[PDB]
Amino acid sequence: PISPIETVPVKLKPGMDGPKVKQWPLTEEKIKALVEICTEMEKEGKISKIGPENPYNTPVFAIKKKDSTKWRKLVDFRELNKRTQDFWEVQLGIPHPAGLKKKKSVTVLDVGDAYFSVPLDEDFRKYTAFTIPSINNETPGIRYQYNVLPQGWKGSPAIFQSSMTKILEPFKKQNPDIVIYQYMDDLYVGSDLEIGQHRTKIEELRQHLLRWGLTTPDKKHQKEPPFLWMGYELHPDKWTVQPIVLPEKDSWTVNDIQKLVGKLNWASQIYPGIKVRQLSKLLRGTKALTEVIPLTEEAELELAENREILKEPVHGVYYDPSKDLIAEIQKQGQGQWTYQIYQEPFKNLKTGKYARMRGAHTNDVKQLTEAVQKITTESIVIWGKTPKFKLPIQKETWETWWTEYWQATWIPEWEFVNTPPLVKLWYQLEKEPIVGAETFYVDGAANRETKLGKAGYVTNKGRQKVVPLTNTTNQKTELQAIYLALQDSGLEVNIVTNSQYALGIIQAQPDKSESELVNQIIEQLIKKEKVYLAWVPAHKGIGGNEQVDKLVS
Amino acid sequence: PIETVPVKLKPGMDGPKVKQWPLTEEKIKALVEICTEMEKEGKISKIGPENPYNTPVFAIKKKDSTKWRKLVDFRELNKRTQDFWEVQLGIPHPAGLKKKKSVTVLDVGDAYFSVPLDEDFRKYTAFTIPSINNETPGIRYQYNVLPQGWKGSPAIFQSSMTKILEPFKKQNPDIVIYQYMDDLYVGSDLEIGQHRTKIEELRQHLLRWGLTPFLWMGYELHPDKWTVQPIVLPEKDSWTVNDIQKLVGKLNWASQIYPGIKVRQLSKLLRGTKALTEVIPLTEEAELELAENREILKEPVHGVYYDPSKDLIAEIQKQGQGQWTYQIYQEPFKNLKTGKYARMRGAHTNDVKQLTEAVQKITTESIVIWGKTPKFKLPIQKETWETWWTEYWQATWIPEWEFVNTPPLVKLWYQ
DNA sequence: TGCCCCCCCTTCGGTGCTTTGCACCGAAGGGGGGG
Ligand SMILES: Nc1ccn([C@@H]2C[C@@H](O)[C@H](COP(=O)(O)OP(=O)(O)OP(=O)(O)O)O2)c(=O)n1
Ligand SMILES: OC[C@H]1O[C@@](CO)(O[C@H]2O[C@H](CO)[C@@H](O)[C@H](O)[C@H]2O)[C@@H](O)[C@@H]1O
Ligand SMILES: [Ca+2]
Ligand SMILES: [N+]
């Protein structure tokens, strides 16, 4: 046969043979539409018919193109993919319009039958064999093998995407004034040239692609803005995402909320202030995908707030490398954060949100540090540099945090922005014991079998307490003893525990916790004026620790 | 006309399949310029997706260096590459390198590019250059010569290296030379001027082979001036209840290292239920118990020696105010070295930058003293470290590390 | 009823010290999106 472009050697995993899966029953409406498409691939030379010496076979089906009258052919190579060698995908990410520079001339192209315009590895074509019913399995039928990249094979996207780059590489090197964003078969080409020289280079590229067997039909040739590209709309000075459809159903299932939150996440890249905490909080729970969930009072308000954000059309701007990048974060409450990235005020390049709750106990300062890290990586991906940060945290607050924390932490070059609610530390433990403050020696204990336990304290002023606890653990009683000391103490208190577990949690100054008991401890710590925590080894005959260990054990 | 040394992987192991992480604009421009020049010289060649292997790559600037230096994270490949001690291509470690008054480190990695690599092994040295905003998909390359940062390059080149060093080693028999990865460690007891003179001689000695990042840079060490940070008990004459509680907790922990420490007579001082700020005198039995404990902390730990077959482990503690402590060990509580860093670069403003400098300092000391790179237990969150550490790295090697979170319940290594 | 990539939110099981309870993390399955 004819040889299109340079092929790619493909192998099977060692000791593995081709697939033998046969075919499942197919409806007559699909069997009829398939034999028409098979004949076209034979004419163009994309598929050969000879396969009596081929014991392999892979099931085939067909579904229609996205809002297009054409049926798409697909082969379920899932058995072949298990037996095919591994590839390294050259697709490392997704391009974003916020990283595009403004250009005077723009063109968008789509390659015709891309996968079918690249020659497959000669020795591998035998394993791509497939059978199609002739007339409801009455007669044997037509067997075939792929001569090009088939849709459904795990190696098809990587092989085409790499061969596409080799063809464009000489064109890009010989035209440095041009910018080419290649993503699968779709092509973005922009320059600051006059549209006449632009359409000239565009046709030069169209011929160059045709010089390797790649068609560029005019039905997909976009010459006039707004350019539909990667699901956005590209205007000369601004860009915006294509319209987003919000399901307005009155009976929400589990699968409905999953679709709702997914669309809100996609919208948050340009629509600022999107919240999905209370809406996603409805999905937690081992519920079936069809179970109907009633929307809570907080989730209904959250959905209404998101509806108001999407009523007005929002647009982003393009990147100017001559100006700095500015990233401004705002706290939304309940561990929610939104940010905007811009270069000139009120002209956002893109927006986003960070709502990840990592860890059982945390504070806003930690969550802000994590949001900064998300933005930093996101900015390096899109623009290759770290933005200047405007954070709702005072320099004094941040200085106190990182200098005193035991883990290394840091924020890049940033300045304070007085946009409430400000992030702060809600309490600070003293570094030295408090003179004149009552000293509480706390301890706890619980039975590993009965899950029953006691927790109490004893002070230097003679004050004592022991409380029995049911359905508890060693860790819970140790926390409970600290909570008792905080409740029964003045505004200034020294507390001596032997609980490494509790002390590790509290010293990290959390302001929120998944544990109801830790949250109550946090509430007491904010009320106090001076708190000192100290640790002592257990069973060493130390102060009240030996005394209170007997009381609770 | 040089035949290639065949290389195999450890049996039962595939190749490295580590994803490429995002790179800043300045690092991508540096890699594109370097990889284009390395492609003209045949040192690398483009590959496709049929190669399932990949290794991260980025660029660094060494200390006081204005030009970029390509650096590949061959950590996953080195662990999967056969250990050349079994092929007897290992480099013995001179115990006298740590005793010389001055040690200079030279980047001799540029010489590896002259030796070809085994054809069957080139597929494992694959890497990918990313593009800003994913304008272009991954541009994958693979090595055709000995790559920098790979543990097999100095081993294969060692036969070539010892010949180039024979005239200098014989003219200067009192100079110790050690080779580790892309670096060459040269130590002598001469005067500083005569030392740098002998270093400049060794540079021009290599150019005599070069005719038949660059060699001009060098960094001076002083291992004879390296000290250790011992465990110390504070000296007070009036002790509060809280002071003694901290002391007993510290001594109780230290007893895991020194089994002779007792706290029986000091714990009995904390018999009652006293306020923490109450000053209490020391009993007669307690004064002897404290004095006897300081003597134990002076003498060395029994049974602590370096095992060449065990890995080195390093822990680092953030003490604040720019202070950083560290311990190197193989078995727990059997520390081979303890130390403390202060006023490093980035002090009082950047924790990640200081931690990066400490990791480099500890690894360098480990190479000089034992010829190994330890595995680090870093006191930092995983995402916090992986976001910034490349911006402050200035070494040609990269050690293994994991992340921990240990609150300092007992200020053990720094009062 | 196919293939490849990226993002967020939740669950679940493995791992190692807080230890036999509890906290963390990476994989996986749901969704969004791209071709
Ligand atoms: N469902 C999908 C969608 C896309 N693809 C990949 C992506 C692309 O690399 C290739 C599609 O090749 P085509 O060239 O046929 O793409 P279109 O449907 O746009 O066809 P047309 O505009 O030329 O008439 O196959 C795919 O596997 N499966
Ligand atoms: O920082 C750890 C981080 O790096 C990765 C990818 O680069 O792995 C590298 O670091 C590990 C820890 O030292 C090595 O074991 C590994 O060989 C090396 O590639 C990630 O795996 C990890 O998240
Ligand atoms: Ca197409
Ligand atoms: N106990």
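Conventions adopted
Residues numbered from 1 in each chain as written, not as in the entry; some residues may be left out. Chains lettered and ligands numbered in written order. Heavy atoms only, no water. Pairing = 2+ DSSP bridges. Helix = DSSP H or I, 4+ residues; strand = E, 2+ residues; numbered from the N terminus. Axes fitted to C-alpha atoms, helices over the stretch in contact; angles between N-to-C directions. Domains from an automatic or database assignment. Contact = heavy atoms within 4.5 Å. Buried area = accessible area lost by both parts, 1.4 Å probe. Salt bridge = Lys/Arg side-chain N within 4 Å of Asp/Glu carboxyl O. Donors = N, O, S within 2.8 Å, 3.2 Å for Na, K, Ca; no water. Buried < 20%, exposed > 50% of the residue type's maximum accessible area, 1.4 Å probe, protein only. Polar contact = N/O pair within 3.5 Å; in protein donor to acceptor, adjacent residues only side chain to side chain.

In its metadata, the entry names X-ray crystallography as the structure determination method and reports 2.90 Å as the resolution.

S.K.: Sorry if this is basic, but what is going on with the sheet that holds strand β1 (residues 44–46) of chain B here?
M.R.: Hydrogen bonding along the main chain pairs the strands of a sheet, whether they run parallel or antiparallel. Residues and elements named next belong to chain B. A sheet is described by the order of its strands in space; here 3 strands give the open sequence β1-β6-β5, paired in antiparallel fashion. Sheet topology places β1 and β5 (127–129) at the edges, where each strand pairs with a single neighbour. This sheet shows a mean twist of 35 degrees between the axes of neighbouring strands, independent of strand direction. Pairing of β5 with strand β6 (residues 139–143), which is carried by 3 bridges, proceeds in the antiparallel orientation. When the sheet's bridge partners are listed, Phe127 is paired in β6 with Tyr141.

S.K.: For this particular structure, what's the right way to read the domain arrangement of chain B?
M.R.: Many structure descriptions define interface size as the accessible area lost when the parts assemble. Residue and element names in this part refer to chain B. Domain parsing of chain B yields domain 1 (6–95 + 121–161), domain 2 (96–120 + 162–220), domain 3 (221–306) and domain 4 (307–415). Distance between the C-alpha centres of domain 1 and domain 2: 23 Å. Taken together, the contact between domain 1 and domain 2 spans 36 residues of the former and 34 residues of the latter. Taking both sides of the interface into account, the surface hidden between domain 1 and domain 2 amounts to around 3200 Å²; carbon and sulfur atoms contribute 62%. The interface formed by domain 1 and domain 2 holds 3 salt bridges in total. A salt bridge links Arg69 to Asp182, with the nearest nitrogen and oxygen atoms 3.0 Å apart.

S.K.: So what exactly am I meant to see when it comes to the coordination of the calcium ion (ligand 3) here?
M.R.: Octahedral metal centres with six donors ideally show angles of 90 or 180 degrees, and tetrahedral centres with four donors ideally show 109.5 degrees. Residue and element names in this part refer to chain A. At the metal site, the calcium ion (ligand 3) is ligated by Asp110 (OD), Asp110 (OD), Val111 (O) and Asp185 (OD), and these contacts range over 2.7 to 2.8 Å. As a motif over one chain, the donors of the calcium ion (ligand 3) read D-V-x73-D. As far as the burial class goes, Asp110 and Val111 line up, both buried.

S.K.: Just checking my understanding: could you explain the side chain of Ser162 of chain A for this structure?
M.R.: For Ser162 of chain A, the position within the fold is in helix α3 (residues 156–173). Within the structure, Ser162 of chain A has its side chain in polar contact with the side chain of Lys166 of chain A (distance 2.8 Å). If sequence neighbours within four positions are ignored, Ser162 of chain A has contacts with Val90 of chain A together with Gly48 and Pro49 of chain B.

S.K.: It is not clear to me how the domain arrangement of chain A should be interpreted in this structure. Could you clarify?
M.R.: In terms of domains, chain A is made up of domain 1 (1–90 + 116–156), domain 2 (91–115 + 157–225), domain 3 (226–319), domain 4 (320–426) and domain 5 (427–553). Once you take the C-alpha centre of each, domain 3 of chain A and domain 5 of chain A turn out to be 45 Å apart.

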